[PDB]
Amino acid sequence: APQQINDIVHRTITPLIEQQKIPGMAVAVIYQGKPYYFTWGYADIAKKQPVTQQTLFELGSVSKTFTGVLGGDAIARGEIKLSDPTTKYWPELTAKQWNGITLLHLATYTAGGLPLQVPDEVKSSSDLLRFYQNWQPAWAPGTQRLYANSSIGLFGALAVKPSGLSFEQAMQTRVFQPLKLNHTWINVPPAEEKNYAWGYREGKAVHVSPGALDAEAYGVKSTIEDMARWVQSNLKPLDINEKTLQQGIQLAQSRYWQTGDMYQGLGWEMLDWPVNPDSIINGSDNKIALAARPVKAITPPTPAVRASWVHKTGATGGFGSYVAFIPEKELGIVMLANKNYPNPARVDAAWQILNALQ
Ligand SMILES: *c1nnc([C@H](NC(=O)OC(C)(C)C)C(C)C)o1
């Protein structure tokens, strides 16, 4: 890495790891389109395994960005429309409150109060159907944004129905493979377990538990190298040869709703560049990010804006991730850690790095 990058990275991340007592960490900086890597600490403390450029981290909700692009790809393929009723792709969902709830609403958390989690008791196909069937909205569709695994998770399960493929097959075939993300997994295969970091929660080694719609909402695992490639692909979607994927990425970065200074895309969230750092740093606190907020519709959606800060935070029990990029500056960061530490600390650090290099 250019010494400019070494300097700000080292000055910023070392204190962060100490303050937050993070066991292990990988960072990628994308500068003028090119990736530069940094690793610290332990993927497995007990077995003294270092974090490397091949270590898999749980991405948590950064997974939603893959889900959004896969949905955008299916739109571009003509398989689905965001204007379509949810019930078009789930005929067994006959509950009357679903009338007027479209795929857009599901993708962008504006259905009317779908909850943050699918309940842990929802295991089977029958349970899943009964959960959505019996759900009663707090608000009308397209009025309030309330961040929800149950909203975008359902979007992702339904977006892949016309293709005949499972969510996992569609993700592999249509996104991971074309982009050469050869070390990104929804399910980590036995040969890769050697590289799968443990997460740490109150000193305990932990991995994400299975739950309904996990793959869609929070279930991807990936390395710092594949995550840099993902950033490169979203920075510059026009270098992508596969046409519907190229469109899908553009669609995931369109602005569908505004709340405050933030715009909701598919998975991705966007703000105009230059940004108020306090706004993205403070707004990342779950006390704000997870509260209901009124949305204004963008009619019709604004196509991907090059002068944007595009980002997503993500967590699991034992992991904390963050991705941010500015297409106009060809500039991005990926931060992957095996402790779930506060969101504002991630955004703060990412801003310091990107602002110095901008
Ligand atoms: C997306 N990213 N982080 C989160 C936390 N949600 C969550 O579902 O955690 C598990 C279930 C372990 C993945 C949330 C913001 C507290 O969701």
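Positions along each chain are numbered from 1 by the written sequence. They may not match the entry numbering, and residues without coordinates are not shown. Heavy atoms from the whole structure form the basis of all side-chain values; hydrogens and water molecules are not counted.

Per the deposition metadata, X-ray crystallography was the technique used to determine this entry, at a resolution of 2.000 Å.

Asker: Teacher, can you tell me more about the overall build of the protein chain here?
Answerer: Secondary structure summary: the protein chain contains 12 helices and 16 strands in total. Relative to the globule expectation of 21 Å for 358 residues, the C-alpha radius of gyration of the protein chain, 19 Å, shows essentially globular dimensions. A principal-axis box enclosing the C-alpha atoms of the protein chain has dimensions of 60 × 40 × 40 Å. A total of 358 residues make up the protein chain; the buried ones form 55% of that total. Note on contacts: a residue pair qualifies if any of its non-hydrogen atoms lie within 4.5 Å across the two residues. For the protein chain, the share of sequence-separated contacts (at least 6 apart) that also reach a separation of at least 24 residues comes to 70%. Looking at the protein chain as shown, the accessible area adds up to about 15000 Å², and 49% of this sits on carbon and sulfur atoms. Charged-residue counts in this description rest on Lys and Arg as positive and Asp and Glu as negative, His and the chain ends being excluded. Note on charges: their place is set at NZ of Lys, CZ of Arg, CG of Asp or CD of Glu. Averaging the locations of the 32 positively and 29 negatively charged side chains of the protein chain gives two centres separated by 2 Å. Strands here mean DSSP runs of E at least two residues long; helices mean DSSP runs of H or I at least four residues long; both are numbered from the N terminus. We compute the radius of gyration over the C-alpha atoms and compare it with the globule rule, which gives 2.2 Å times the number of residues raised to the power 0.38. For the exposure calls, accessible area comes from a 1.4 Å probe over protein chains only, and a residue counts as buried if that area is under 20% of its type's maximum, exposed if over 50%, partly exposed in between. All accessible areas in this document rest on Shrake-Rupley with a 1.4 Å probe, and a residue is counted as covered only by the protein chains that are shown.

Asker: How should I be thinking about the packing of aromatic side chains in this particular structure?
Answerer: The description of two aromatic rings rests on the distance between their centres and on the angle between their planes. Pairs were defined over the aromatic rings of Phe, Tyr and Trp, the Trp ring being its six-membered one, requiring ring centres within 6.5 Å. Orientation was assigned from the angle between planes: stacked under 30 degrees, edge-to-face over 60, tilted for the rest. The final tally for this structure, using the stated rule, is 13 aromatic pairs. Pairing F66 with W230 gives two aromatic rings, centres 4.0 Å apart and planes at 20°, and the pair type is stacked. Of the two residues, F66 is situated in helix α2 (residues 63-76) and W230 in helix α8 (residues 224-235); the sequence distance between them amounts to 164 residues. By relative accessible area, which is 0% here, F66 ends up buried. With a centroid separation of 5.8 Å and 50° between ring planes, the pair formed by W273 and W351 is classed as tilted. With a gap of 78 residues between them, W273 in the loop between β11 (269-272) and α10 (277-283) and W351 in helix α12 (residues 343-357) connect regions that are remote in the sequence.

Asker: Please explain the layout of surface pockets as it appears in this structure.
Answerer: Summary: where empty space remains is shown by rolling a probe the size of a single water molecule over the atoms. What the largest pocket holds in volume is close to 1200 Å³. Listing elements by their share of the lining of the largest pocket, those giving two or more residues are β11, α10, α11 (286-289), β14 (308-315) and α12. Ten residues, namely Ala, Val, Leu, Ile, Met, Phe, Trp, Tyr, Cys and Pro, are considered nonpolar, four, namely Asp, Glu, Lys and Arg, are considered charged, and the remaining ones, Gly among them, are considered polar. Its residues assigned to classes, the lining of the largest pocket shows 21 nonpolar, 20 polar and nine charged. Whether a set of points on the 1 Å grid over the protein atoms alone is a cavity depends on a 1.4 Å probe fitting there but being unable to get out, while an open set qualifies as a pocket with protein on both sides within 12 Å along at least five of seven lines; lining residues are those with an atom within 4 Å of a point. Grid points are joined across faces, edges and corners, and a volume is the space filled by probe spheres set on the points.

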